[PDB]
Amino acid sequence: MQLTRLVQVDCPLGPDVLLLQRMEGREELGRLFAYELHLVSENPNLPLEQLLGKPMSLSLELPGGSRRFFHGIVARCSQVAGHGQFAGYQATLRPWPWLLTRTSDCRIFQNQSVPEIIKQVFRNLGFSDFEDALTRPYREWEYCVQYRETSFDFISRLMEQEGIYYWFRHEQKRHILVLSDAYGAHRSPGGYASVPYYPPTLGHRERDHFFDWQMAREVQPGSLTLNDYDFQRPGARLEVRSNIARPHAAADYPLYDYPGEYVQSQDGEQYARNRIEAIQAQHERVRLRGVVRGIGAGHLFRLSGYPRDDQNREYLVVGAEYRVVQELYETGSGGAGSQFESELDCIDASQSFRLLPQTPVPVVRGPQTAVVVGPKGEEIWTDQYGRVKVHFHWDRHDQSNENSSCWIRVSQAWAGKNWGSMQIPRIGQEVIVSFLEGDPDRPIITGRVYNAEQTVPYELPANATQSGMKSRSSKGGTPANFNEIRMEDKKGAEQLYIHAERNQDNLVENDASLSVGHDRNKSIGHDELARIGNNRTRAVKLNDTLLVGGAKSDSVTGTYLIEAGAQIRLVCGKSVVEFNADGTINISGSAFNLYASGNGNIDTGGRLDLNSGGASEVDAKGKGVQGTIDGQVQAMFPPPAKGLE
């Protein structure tokens, strides 16, 4: 209210009575300021329930001109027990981004740009009151991650990567964060555009102006060429360069970094461009002092007092540092501007501003594990390059699903040009994830692991000596639908076990050579057809045995030679024929029929005639009958399957 006169402070509560003596306000464009206010006043006790966590309003004035009325947060404050004759305080102010320093997350941003990624940490826990004075387009980040760090640390490092900076466009209603870059972004007052300069010849003057200049210049790197890798296009022209030479000795000495974190070429030519431009602020920076109360970090002006036709040009004030000083009364009615002071760091226009990086790159010093993800009913979610998708064990955003990550590559055992090893991670099983050069924005899947839900395949903690690979039917995980190859290396009990869950189809292009040292037992269920082109040879050192349980059937287009070295019997019920190596043919039946279309000869070298001689019976020796054969076949697999109870 309180127009007696003199001191008028509010927004959130500020007494008009409470006087101010000193301040000390540093800042840099793209950094926080701090205003070292030392107060003194009447009040003994005021609360802490807001004022420590909420604004103050300051009012710096160039009357008849660009008032600078201020409004910003209190973040550290104190009182002082030196004088019980009147209060004394301290009060350092810092802007609203500071209140994103004392905070911390682990959060993933996807398919967003790195201006409007920063809008959300603002908006979700804050206002819309910031502004946009950007002009070119930047990169729309596929996958950006605020890793472990503080939201304030997060936003600024990204702004620094992209050349965005900021300042506070000072407003009489609502405070403002100016998201900016380049000439056509900043702005300044009228008639004020050109500010004075004068050596105050009698020590001091009744006037506001400049009384100091210094132009410091260091040598700066000449060119920062960049390079990255691109597996999408593993042949492409990866290199990118930037160059801003000004004409002098020992200038164009080059820099070079690998991972500049780019995918597409032109974007890497921007990044080299932004980081090259920041370092060239240092090339030429200028140092001033004046008693003028209009300018501050971010402001543009033009100097006219220390002249050169085009030395003193446009000037963006980067870091204004200033002071207030007074021990003022209502005495000597009047009293005017009790002394002030300022100091300055400026630049130009065709020579433009960028921010120097200075922050640890979120320090992911080793691998994590993650669940390879997709909720129920699913088992396989890959892509064309054998990529999968994961949730890291830090997600308060979904029941991890196809949105938990970008696609992540897998590190196979053996991988070549459309040939080599492949086992893609199923959904729900855990992996090892590394990070290329340790960047939390660049996962890569580098191995698998077993846990309590995803348990080892075999008998553990027991047959450690077994090894192999066993798969699982997909869509349907029944604890035994699987193809497996398993080598067991336990002495005396070694084995190689191959299990085809359905069908097996072995193809050998030239020759094959099965050698078994003891026995083979082959048992096929329904049918075998074996076919061999040219010749089939079968040699058995001892007894060859064959039981047919149906009709046996043998066709030979030419000749079938049946040779014995002892004896040949064909026994067929009551009709038994027997050929012997001594040469005695024996035949028994129950009748016989002998027919020749043409002729028949029966001859000897002894006697023949007819009747009496051939045995009364040459018996079939028991076996002959069909029932007997049955069981020599059927003594097979008619097995039990009792049933449980």
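All residue numbers are counted from 1 along the displayed sequence.
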Quick check: 591-599 versus 610-618, which has the larger average CA B-factor in the record? 610-618
Report the stretch with the higher mean CA temperature factor, choosing between 496-504 and 217-225 on the basis of the entry. 217-225
Highest-ranked of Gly386, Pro362, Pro357, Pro137 once sorted by CA temperature factor in the record: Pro362
The residue of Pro461, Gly334, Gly438, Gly549 with the maximal C-alpha B-factor according to the PDB record is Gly334
For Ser515, return the chain-relative third of its C-alpha B-factor as stated in the PDB record: lowest, middle or highest. lowest
Quick one: classify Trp419 as lowest, middle or highest third of the chain based on its Cα B-factor. lowest
Using only modelled residues of the chain, where does the Cα B factor of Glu61 rank: lowest third, middle third or highest third? highest
Tertile call for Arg448 (CA temperature factor, within chain, third-based) is the lowest
Select lowest, middle or highest to describe the third in which the CA B-factor of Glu578 falls within its chain in this entry. lowest
